[PDB]
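Down below is the structure, laid out as structure tokens.
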Amino acid sequence: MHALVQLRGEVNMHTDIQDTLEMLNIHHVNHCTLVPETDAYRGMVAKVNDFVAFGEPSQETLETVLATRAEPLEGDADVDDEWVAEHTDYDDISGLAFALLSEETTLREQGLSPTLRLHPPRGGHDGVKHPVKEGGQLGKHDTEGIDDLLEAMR
Amino acid sequence: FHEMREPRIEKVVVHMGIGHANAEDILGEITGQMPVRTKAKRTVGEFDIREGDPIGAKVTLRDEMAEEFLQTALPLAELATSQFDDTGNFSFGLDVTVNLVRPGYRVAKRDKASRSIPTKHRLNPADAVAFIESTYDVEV
Amino acid sequence: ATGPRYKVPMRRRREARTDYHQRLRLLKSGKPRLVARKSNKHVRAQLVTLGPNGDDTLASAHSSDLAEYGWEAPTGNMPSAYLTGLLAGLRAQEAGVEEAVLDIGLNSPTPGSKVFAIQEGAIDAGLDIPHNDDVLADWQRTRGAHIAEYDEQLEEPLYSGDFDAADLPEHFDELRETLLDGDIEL
Amino acid sequence: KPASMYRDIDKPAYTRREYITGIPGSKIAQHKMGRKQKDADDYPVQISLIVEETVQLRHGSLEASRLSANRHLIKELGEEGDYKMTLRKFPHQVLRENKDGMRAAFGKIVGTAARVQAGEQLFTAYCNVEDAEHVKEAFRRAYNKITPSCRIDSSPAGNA
Amino acid sequence: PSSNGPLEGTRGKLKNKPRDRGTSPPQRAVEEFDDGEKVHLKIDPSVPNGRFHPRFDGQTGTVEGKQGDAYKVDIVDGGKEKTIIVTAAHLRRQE
RNA sequence: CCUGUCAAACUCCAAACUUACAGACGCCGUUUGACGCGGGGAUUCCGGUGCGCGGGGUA
RNA sequence: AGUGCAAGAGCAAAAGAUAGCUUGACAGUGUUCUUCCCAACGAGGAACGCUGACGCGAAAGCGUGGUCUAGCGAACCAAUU
RNA sequence: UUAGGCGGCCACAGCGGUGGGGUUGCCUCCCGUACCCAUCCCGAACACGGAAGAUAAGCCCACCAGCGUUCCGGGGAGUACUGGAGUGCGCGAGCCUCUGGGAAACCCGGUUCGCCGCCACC
Ligand SMILES: [Cl-]
Ligand SMILES: [Cl-]
Ligand SMILES: [Mg+2]
Ligand SMILES: [Mg+2]
Ligand SMILES: [Mg+2]
Ligand SMILES: [Mg+2]
Ligand SMILES: [Mg+2]
Ligand SMILES: [Mg+2]
Ligand SMILES: [Mg+2]
Ligand code: NA
Ligand code: NA
Ligand code: NA
Ligand code: NA
Ligand SMILES: [Sr+2]
Ligand SMILES: [Sr+2]
Ligand SMILES: [Sr+2]
Ligand SMILES: [Sr+2]
Ligand SMILES: [Sr+2]
Ligand SMILES: [Sr+2]
Ligand SMILES: [Sr+2]
């Protein structure tokens, strides 16, 4: 399960690449989605590779982001252990985080909006004109690199 | 093994390449059977621009007709090694061609499952000169 | 053989056993084929149908198993060929086959030949096969008459292993008589 | 006419003689020089002139460089010196010139050139360890008459 | 193109790989397909008749009946539905 | 045999990729009716730039 | 190689050659595609049918001109069946 | 299939080569032209009739790789080329990096001297 965050805007991006992001429920910059690691989804991320940042986050990190940015499919009801426990097949955020990372369920499946609307990266990111290996922020990241970004955007 | 390997006469073709015929009558006499006309192909400067039209005649003899002919025909020639083919054929002279081959030649002349004759079963000049020379005449 | 670009004919073409152009025209009928073959000593009839991995023979008859019903004569003649066709035809009706198209393979359509005799036999067996009567030898020849008279010009029995002296077309009748009959184990 | 006009590979390959007529003859007099009866393996030293950029070299340039190079080898080793040099490229590309404005502009045929990819050997010489420096000088004079920069690379030669 | 006949620009698609050169096997020319079957369309260079417009080479249509021995195959050219008359010699079952 | 070179109108080979059909996942539609169909009204048929691939031309 | 003529393509117990026979280069009426990719538009064209009448072949079958892609022309008027 | 017939795929099946196989069995070569039929001339072939001989052809069986072909290992080669991205480099033609794909020739070693279906048959 990889976390996907759009870091580059839609202006001038190929249309089929933009439609791919939308199919992955991402419609804005800084919006994050959780995608299972399958052959089908694999082709998709590889296609949006140059306008996003993705990788597998640590259980803790996913827990922090879920706590701070997860939302109900509808309404402004805050999402916390009590909410999770009273609306999902889990006891708390941790139970959810684990099930997501292990690809046993999805946010939509548990009555949550498929997207985590993150905040701009505190302290800024490494840039959207270069990949990770070249010092940029685009493309695949380490769990530590991905956690660094997601935590900065908490 | 030797019986089905010892040569024989497939056919004796006698033909007169004229070039415009009246010569059929002698072939009909010297061989004993009806001859056939010979047409040419391709236009020719030597006033031979007519593709299909009499230009020669021939008679193909087999079995007795062939041998009864060679008996009185071979003595009229002076066979030599060069006068022999690479397949074991020889022709002299009015041309006179003798086609020799082994028993199961039919395998290449039949319609169904025909097949080409293996070089091993193909007659040889050596085997040819022999067989023939081994019957009323000399070599080189 | 010569190189990469070299074109080798289909196997059955180089073996000189299948005339594909005639084959295709045959298959276009949509009907089973009455495949008539012949060897120096024998004659074979098969009802072949098209199949996924190759043709499919539904019924057939050989001149050999003709004896199985009372035949002590040679098996490479006209009477032989006809009866074989009839035998194959009868078995054809057994398996539910009702019509066919003559496939003489690489044999010649000579009038009164054996492949046409095999056809007349298969047709009398009740099979519906497109044909032409004035191409079939006359009844008597099928029976074996032509060979009887040949033996007539005797001096030395036509047949070696005395099957009979003045040969027999009347036997052909006995065998045909035995096949057209119901009983018979096809 | 300036080489700037044809030195780049900015056009389709144009070599089909069956559809092109009036192609001027080449100015290259020889492609194999020195003692062409002797093998190349019969020499201890093998030095080539390598092109550093992909380009097109017109036959008039191949001739000038080759000439100005073999000429030196002849002057330093004699009309029969124990050496041999090879110009391994032939001018297959046909060149045009639109010589009426841009209307029906397809040009008339004016010459030929050889396409050389960077890193390739244009010339190659074979000499004895003695004349190894005379050939390096012949190439120095050769690369001065062709468009790109060149490396004088010494293949078989560990006598330094 | 310089001309607009049916065989314009069909040099490749209507040429046989040298080894497939020569009269083709009768089996595929007599094959029977059922309505509803998915069939790929591809002209066989060696077969003259029963062809469709070369422009449709590569289509995977649906047999929806037949006309004589030929088959009527339904395809969707772009967004336009068309019916193609084609003989088995130029068809192949899908999958 | 050996040794030196090529092809827009060559090909024993041969991609990336484009493309037909289908299944799967995704997205979407069944009160926001999608897909498809019928009808009313148009405007439009001087385009331009970047990037990729070009063809002509010294440009 | 040949296959009437450009080019590209097709063809070998043939689509080429020869021989013989024959007039399907036939009448009626359609389906579909093309013309005009997608996407509406005529003439013209092609492939594939049904009906009628025939030719050749043992028969399957082949023949809606020449192996395939060029060789074409509205309304009004005239002549013709 | 101790030798047969009709095939599908249509060279992994081609080219070439070696060895083995047949008394009333099979396929053949083979023997022979009164007939049906046949040759622009030839019972050569086609067609018919037949068993004195034979396993030399063909054919079937076992096998060999020199040429041709198929697939595969290792090397060439993650090279050549390339879909997506870049305020990376270059005077420039052009190159590079990241991401996703990825040859061809050729060499060396293997594989390949058909596989499969239906019917018939000591
Ligand atoms: Cl047969
Ligand atoms: Cl069509
Ligand atoms: Mg909301
Ligand atoms: Mg920055
Ligand atoms: Mg092309
Ligand atoms: Mg007017
Ligand atoms: Mg008039
Ligand atoms: Mg032997
Ligand atoms: Mg710059
Ligand atoms: Na004549
Ligand atoms: Na073919
Ligand atoms: Na029309
Ligand atoms: Na044998
Ligand atoms: Sr240009
Ligand atoms: Sr220079
Ligand atoms: Sr394209
Ligand atoms: Sr036609
Ligand atoms: Sr004979
Ligand atoms: Sr400059
Ligand atoms: Sr790969």
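Lettering follows sequence order; numbering is per chain, from 1.
- The base of F/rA20 is paired with the side chain of E/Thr60 by a donor and an acceptor separated by under 3.5 Å.
- Nucleotides H/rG73 and H/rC108 meet the pairing criterion: a Watson-Crick or G-U wobble pair with both donor-acceptor distances under 3.5 Å.
- A donor-acceptor contact under 3.5 Å is not formed by the side chain of B/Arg5 with the base of H/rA56.
- For E/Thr83, the listed nucleotide lying nearest its side chain is G/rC33; candidates were H/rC26, F/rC25, G/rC33.
- If you check F/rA9, F/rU11, H/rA85 against the side chain of E/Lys15, the one that comes closest is F/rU11.
- If you check distances only, the side chain of E/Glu95 never reaches the base of F/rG23 with a donor-acceptor pair under 3.5 Å.
- With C1' as the reference atom, H/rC31 and H/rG53 are 9 Å apart, rounded to whole Å.
- Judged by the sign of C1'-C2'-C3'-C4', G/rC36 carries a south-puckered sugar.
- Glycosidic conformation, H/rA57: syn, with the torsion inside 90° of 0.
- Residues H/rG117 and H/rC46 show neither Watson-Crick nor G-U wobble pairing with both defining distances under 3.5 Å.
- Ring planes of E/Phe52 and E/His90: perpendicular class, angle over 60° (limits at 30 and 60°).
- Residues H/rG19 and H/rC61 show canonical Watson-Crick or G-U wobble pairing, with both defining distances under 3.5 Å.
- On a pure distance criterion of 3.5 Å, no polar donor-acceptor pair joins the side chain of C/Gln46 and the base of H/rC6.
- For E/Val76, whose side chain is taken as the heavy atoms from C-beta onward, the closest listed nucleotide among F/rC21, H/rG7, H/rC42 is F/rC21.
- Remark: H/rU18 pairs with H/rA62, satisfying the Watson-Crick or G-U wobble criterion at under 3.5 Å for both atom pairs.
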Check the interface with nucleotides 48-53 of chain H: list each N/O to N/O pair with the protein under 3.5 Å, or write none.
| unit_1 | atom_1 | unit_2 | atom_2 | d |
| --- | --- | --- | --- | --- |
| H/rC48 | OP1 | C/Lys114 | N | 3.0 |
| H/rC48 | OP2 | C/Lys38 | NZ | 3.2 |
| H/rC48 | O3' | C/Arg141 | NH2 | 3.4 |
| H/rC48 | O2' | C/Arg141 | NH2 | 3.0 |
| H/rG49 | OP1 | C/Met78 | N | 2.9 |
| H/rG49 | OP1 | C/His146 | NE2 | 3.0 |
| H/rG49 | OP2 | C/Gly76 | O | 3.2 |
| H/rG50 | OP1 | C/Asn77 | ND2 | 3.1 |
| H/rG50 | OP1 | C/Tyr159 | OH | 2.6 |
| H/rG50 | OP2 | C/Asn77 | ND2 | 3.4 |
| H/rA51 | OP1 | C/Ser160 | N | 3.2 |
| H/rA52 | OP1 | C/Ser160 | OG | 2.7 |
| H/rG53 | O2' | B/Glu3 | OE1 | 2.8 |

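- Side chain of A/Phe51, nearest nucleotide from G/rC38, F/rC21, H/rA85: H/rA85.
- Within 3.5 Å, no donor on the side chain of C/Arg44 pairs with an acceptor on the base of H/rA120, nor the reverse.
- Salt-bridge check for E/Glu37 with E/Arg93: passed, with a basic side-chain N closer than 4.0 Å to an acidic carboxylate O.
- The list of side chain to side chain donor-acceptor pair (under 3.5 Å) pairs with a residue in residues 47-59 of chain E, not counting sequence neighbours, reads E/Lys42-E/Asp57.
- Picking from H/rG117, H/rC59, H/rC29 the nucleotide with the shortest atom distance to the side chain of B/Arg115 gives H/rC59.
- With hydrogens and angles disregarded, a donor-acceptor distance shorter than 3.5 Å links the side chain of C/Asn77 to the backbone of C/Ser80.
- Nucleotides H/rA38 and H/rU23 fail the base-pair criterion, which asks for a Watson-Crick or G-U wobble arrangement whose two donor-acceptor distances both fall under 3.5 Å.
- At a cut-off of 3.5 angstrom, counting only N and O atoms as typed in the model, there is no donor on one side facing an acceptor on the other between the side-chain of B/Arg106 and the base of H/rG58.
- Residue E/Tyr71 has no polar side-chain atom (N or O) positioned under 4.0 Å from OP1 or OP2 of G/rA47.
- Note on residues 105-116 of chain B: no pairs pass salt bridge (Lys or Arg N to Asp or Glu O under 4.0 Å), not counting sequence neighbours.
- A donor-acceptor contact under 3.5 Å links the side chain of C/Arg13 to the base of G/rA13.
- Interface remark: the D/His92 side chain does form a donor-acceptor pair with the F/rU5 base, using a distance-only criterion of under 3.5 Å.
- Sugar pucker at F/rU31: south, on the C2'-endo side, as the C1'-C2'-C3'-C4' dihedral is below zero.
- Between H/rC12, H/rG58, F/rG56, one nucleotide has an atom nearer to the side chain of B/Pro118 than all others, and that is H/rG58.
- The salt bridge (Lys or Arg N to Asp or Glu O under 4.0 Å) pairs that include a residue from residues 16-30 of chain C are C/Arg23-C/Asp55, where partners are two or more places apart or lie in different chains.
- Of the candidate nucleotides G/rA13, H/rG58, G/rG10, G/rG10 has the atom nearest to the side chain of E/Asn16.
- The bases of H/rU97 and H/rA85 line up as a Watson-Crick or G-U pair, and both contact lengths stay under 3.5 Å.
- You'll find a donor-acceptor pair under 3.5 Å spanning the side chain of B/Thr60 and the base of H/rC42, going by distance alone.
- Under a 3.5 Å limit on both donor-acceptor distances, the bases of H/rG68 and H/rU33 fail the Watson-Crick or G-U wobble criterion.
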Check the interface with nucleotides 64-71 of chain G: list each N/O to N/O pair with the protein under 3.5 Å, or write none.
none

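- Consecutive pairing runs in RNA chain G reach the stem threshold at G:7-9 with G:67-69, G:26-34 with G:44-52, G:54-56 with G:61-63, where a stem means at least three Watson-Crick or G-U wobble pairs with distances under 3.5 Å.
- Note on D/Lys1 versus D/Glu97: salt bridge recorded, some NZ/NE/NH1/NH2 to OD/OE distance being below 4.0 Å.
- Judged by distance alone with a 3.5 Å cut-off, a donor-acceptor contact links the side chain of C/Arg11 to the base of H/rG8.
- Between the side chain of C/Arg33 and the backbone N or O of C/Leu102 there is no donor-acceptor pair closer than 3.5 Å.
- Here the side chain of A/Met44 is nearest to one of G/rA40, F/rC25, H/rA44, namely F/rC25.
- By the Watson-Crick or G-U wobble test, with both distances required under 3.5 Å, H/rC48 and H/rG32 count as a base pair.
- Picking from H/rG100, G/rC33, H/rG17 the nucleotide with the shortest atom distance to the side chain of A/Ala46 gives H/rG100.
- Comment: C/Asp65 engages C/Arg91 in a salt bridge, judged by a side-chain N to carboxylate O separation of less than 4.0 angstrom.
- The side chain of A/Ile17 lies closest to H/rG84, out of F/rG56, G/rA59, H/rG84.
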